[PDB]
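*Asks:* Can you read through this structure? Questions will come right after.
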Amino acid sequence: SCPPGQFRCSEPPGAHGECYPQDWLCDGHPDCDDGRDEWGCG
């Protein structure tokens with residue numbers, strides 16, 4: 001919950017932080033600083 005097509009990785013809400021594209025949600029390459037963008041691909 002950022003702009004559309006952008007999600008947040010390894011920091012929960014109430015600490016809004018800096019998101020990444022949902023292109024970088026199952027890219028075939030991790031980036032989540034845990035790679036939890038890859039995890040389960042949905």
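By convention here, the chains of the structure tokens are called A, B, ... in the order presented, each chain's residues are numbered starting at 1, and ligands are numbered starting at 1 in the order presented.
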Segment 14-23 of chain A: which residues within 10 Å, counting only C-alpha atoms, same-chain residues fewer than 3 positions away excluded, as number ranges by chain?
*Replies:* A: 1-11, 26-27, 31-32, 37
*Asks:* Counting only C-alpha atoms, what is within 12 Å of residue 40 of chain A, bar same-chain residues fewer than 4 positions away, as a ChimeraX atom specification?
*Replies:* /A:25-28,30,35-36
*Asks:* Can you list, as a ChimeraX atom specification, all residues belonging to chain A that DSSP tags as strand (DSSP E)?
*Replies:* /A:6-7,20-21
